[PDB]
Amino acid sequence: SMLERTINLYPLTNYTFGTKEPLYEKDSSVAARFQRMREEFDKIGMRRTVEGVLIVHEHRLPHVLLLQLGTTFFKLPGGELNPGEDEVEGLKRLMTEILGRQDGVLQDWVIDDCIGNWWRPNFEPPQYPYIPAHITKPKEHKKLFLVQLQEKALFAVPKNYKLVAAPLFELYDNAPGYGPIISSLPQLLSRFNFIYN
């Protein structure tokens, strides 16, 4: 009766947050976002996205690292796989492009746990933790992974974003503030045995 995965957490003060050039969005609006999703679905099929959950603590209270675009939406680090790209190699690539260092030193990403799956049935905002009834051609499939951090690290944050550490209580039942994926992180993280180092 020890069936929980054990995960090491380190203090937020163990991590250094530097800066680098802006990293711009591929779409300038919601309307362009859904147009490009339609164009690529017709050429290569369902969009495959991957996202990483990176956890720290302060004073033994766990916090998720989020990327805030100016003072607008909160995002997990991640993005779109290429056709035939492995999911885990692809999340490591995407996290190096977002938070990798100006001095070109390699981060050691450790990814060993899936923490969920979401499906977008139409070219519209709604997403579900299952394929809904009657839907045979979903337009996007997102996969979330727990990213185990090293004891210490330097991350370079694009100048147009803020890295923020959110406590779980702030996420919980806050879909209006964070949306349905980030707001359900407390439930999805409850199964881990965290060590507060």
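So that there is no doubt, residue numbering starts at 1 and follows the sequence shown. In this text, the rigid core denotes the largest set of C-alpha atoms whose superposition between the two forms falls within 1.5 Å.
Peer 1: Could you tell me which of the two stretches, 64-72 or 157-165, has its Cα atoms lying farther from the shown structure in 8 other deposited structures of this protein after fitting on the rigid core?
Peer 2: Clearly, after the core fit, the stretch farther away in 8 other deposited structures of this protein is 64-72.
Peer 1: Quick one: with the core lined up, is it 106-114 or 84-92 that wanders further in 8 other deposited structures of this protein, going by C-alpha RMS?
Peer 2: Checking 106-114 against 84-92 in 8 other deposited structures of this protein, I find the farther stretch is 106-114.
Peer 1: If you average the CA temperature factors as listed in the entry, which stretch comes out higher, 83-91 or 107-115?
Peer 2: 107-115 has the higher mean C-alpha B-factor.
Peer 1: Out of 130-138 and 145-153, which stretch has the higher average CA B-factor listed in the record?
Peer 2: Comparing averages over the C-alpha atoms only gives 130-138.
Peer 1: Among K26, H63, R36, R48, where is the Cα temperature factor highest, going by the PDB entry?
Peer 2: It is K26.
Peer 1: Select lowest, middle or highest to describe the third in which the CA B-factor of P125 falls within its chain in this entry.
Peer 2: For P125, whose C-alpha B-factor we compare with every modelled residue in the chain, the answer is the middle third.
Peer 1: Which third of the chain holds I7 when residues are ordered by C-alpha B factor: lowest, middle or highest?
Peer 2: Lowest third, going by the recorded CA B-factors of the chain.
Peer 1: Going by what the PDB entry lists, where does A32 fall on CA B-factor within its chain: lowest, middle or highest third?
Peer 2: For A32, the deposited C-alpha B-factor lands in the middle third.
Peer 1: Split the chain's modelled residues into thirds by Cα B-factor; is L185 in the lowest, middle or highest one?
Peer 2: Ranked within chain, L185 CA B lands in the lowest tercile.
Peer 1: Among the chain's modelled residues, which third holds the C-alpha B-factor of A166?
Peer 2: According to the entry, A166 has a C-alpha B-factor in the chain's middle third.
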